[PDB]
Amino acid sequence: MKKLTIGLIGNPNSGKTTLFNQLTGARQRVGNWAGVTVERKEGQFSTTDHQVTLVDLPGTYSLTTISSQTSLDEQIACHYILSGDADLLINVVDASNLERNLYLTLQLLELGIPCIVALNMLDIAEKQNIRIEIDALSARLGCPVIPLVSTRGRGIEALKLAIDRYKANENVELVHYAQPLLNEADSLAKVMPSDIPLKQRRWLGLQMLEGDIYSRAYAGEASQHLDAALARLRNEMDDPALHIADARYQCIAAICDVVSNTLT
């Protein structure tokens, strides 16, 4: 009887649409996202405790662009995620490309939104001699990791159980950014719109320092101080955005080094 909203997000070709169809069945409506013709499909399903509305978000590899430009999918996903409309997210992860998918995963966890990872393509990974340590991954992410076992799925039943048990993510250490980057990002966050949570304002600060233009619309007055902050950081270190990317690759590489093993 309790209402609950979940956003479904993952990379393109992660199995997310198939999972959507499996969860909602015939209980779906299709429209378009506001102001664009990009399709917005959402549906309903029930758990033991909740009546769930599932919103299918457009596929994306990340919520940020530091190069290039247009991405209506990425702007829609980023805007919805930052709106706070969803009570939680299901992040569909391709097990056979775990390292690639964990960038988006890391962005969600750094935003601090309640998240359940749905681990998909397990059969492909296994046939390709890849095995993933689910509990090690969950320990490092601070959120549940559910293998989507297809046989009598069952995978969906485990997923619904986690939905009924959803809670805040654990405040684990994820990316280890340089302290000057953290300080300047915090100084930018402090001047952003007050109605935005502080974790999200700090994340936005780091993204602007990396050079994301998608965020700046959300950062309000912070955009007026970004050049002075960048000047200080450039005094502290060569290419601070490169330092950000290196920190991220380090984190993901370590996680994959522990979590992903050969079956044979």
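One-based numbering along the sequence shown.
- prompt: With respect to the recorded C-alpha B factors, which stretch has the higher mean value, 223 to 231 or 199 to 207?
  reply: The deposited B-factors put 223 to 231 ahead on the C-alpha mean.
message: Tell me which stretch has the larger mean Cα B-factor in this entry, 68 to 76 or 179 to 187.
response: If you average the C-alpha B-factors of 68 to 76 and of 179 to 187, the larger mean comes out for 68 to 76.
- prompt: Which has the highest CA B-factor per the PDB entry: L63, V52, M237, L57?
  reply: Max CA B-factor in the entry, restricted to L63, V52, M237, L57: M237.
message: Quick check on the deposited entry: does the C-alpha B-factor of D123 sit in the lowest, middle or highest third of its chain?
response: Its C-alpha B-factor, which the entry lists for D123, ranks in the middle third among residues of this chain.
- request: Place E110 in the lowest, middle or highest third of its chain's C-alpha B-factors, as listed in the PDB entry.
  value: Bottom third by C-alpha B-factor.
- request: Within this chain's modelled residues, let me know which third the CA B factor of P147 belongs to: lowest, middle or highest.
  value: Tercile = lowest for this residue's CA B-factor.
- prompt: Going by the entry, which third of its chain does the Cα temperature factor of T264 land in?
  reply: It belongs to the highest third of the chain when residues are ordered by C-alpha B-factor.
- prompt: Which third, lowest, middle or highest, does the CA B-factor of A253 fall in along this chain?
  reply: Middle third by C-alpha B-factor.
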